[PDB]
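Single chain ahead, written as structure tokens, the form deposited in one PDB entry.
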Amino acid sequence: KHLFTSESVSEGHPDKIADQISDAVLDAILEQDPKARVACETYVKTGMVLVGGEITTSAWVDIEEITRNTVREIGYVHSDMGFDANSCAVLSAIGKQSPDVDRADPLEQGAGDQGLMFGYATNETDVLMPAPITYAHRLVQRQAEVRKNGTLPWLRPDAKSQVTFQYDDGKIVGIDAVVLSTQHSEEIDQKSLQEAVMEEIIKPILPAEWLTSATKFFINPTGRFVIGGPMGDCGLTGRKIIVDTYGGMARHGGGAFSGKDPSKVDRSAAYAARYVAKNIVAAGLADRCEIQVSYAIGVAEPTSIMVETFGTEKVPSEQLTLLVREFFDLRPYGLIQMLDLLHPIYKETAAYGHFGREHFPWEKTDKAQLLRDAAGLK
């Protein structure tokens, strides 16, 4: 009764490979040119990586070297896994300055595109993130954690996890269903896999107080999982946008993050929307907070700002919407200054979630105390 489900994928999933390659290229460019315009779309298939899009930068980068290193760190170094970073093909289809100061104050620059973006936060977890997506992320990051340190050496990078939570009036009741399918080598059978996944992955993550005898567990439910990654499966950037955000707990505007420089409101505004939502919840102004911002191309001011507090607000929501508008610069290049986004920090974001990890700029809660006593509280 009253259940919610969220899924996640590891860094070896072909979609996440394309996300990591895109942001890897972005980080390389930003390391030389912080003001660069980057729109990098990566296509990864069996034996192939296609890196395309449009960049406008003074930087000079090696797309092949960046791509091979990124796949090499993911762990695809051998043809027995279905993909090898040293022998795969790397093709490039990157165009330059698309024929487009304009503004006396750079912060007043209009948006580069239209679109809608969402941010979310909930005091369910320590990191102000929804439980299902948080623990789904932690399962697949542990699977890579135990593959990379040699604990379970038979694991291969491609993996997917899914956690179904039972809810009762916003109260986290427990876990009703766990799904975890991981790619593996020939050095293990399915019965030893289902037991090793329980002991080395699921147990050090899902709190024992949420697992009962009724919790359905599906570990490699179809059996053998040896062929994976780009082998026999396509990977495109921007095909895991719900995994990259809130696992379905919150709504989405449709924009991908990876391969996009901070001037692309699809990424920066979504990070800022998370920044507002986390600070509103961290300030104690709501238990759950979702905000939507939208933009029109060539318009600096957001065309709409909605603050949704699902009955959890500790102050009228009209007051919340005004607090958002004055304590945060939601203008495109205002986001960049507010979050200090012109740095090569994005290859790390393309993997196990863009949110919930406290060292990102959009995850710091330096505005919570300000919002708290600005709304007159304690």
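For the two forms, the rigid core is made up of the largest set of C-alpha atoms that agree within 1.5 Å on superposition. From 1 onward, residues are counted along the sequence shown.
Keep in mind that the form deposited in another entry is not shown, yet the notes after this line are about it.
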C-alpha displacement of 2 Å or more between this form and the one not shown on the rigid core, among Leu91, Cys234, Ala296, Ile172: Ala296
Yes/no, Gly110 Cα shift of 2 Å or more between this form and the one not shown with rigid core fixed: yes
Core-aligned C-alpha movement of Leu152 between this form and the one not shown, 2 Å or more: no
Core-aligned CA displacement of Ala196 at least 2 Å between this form and the one not shown: no
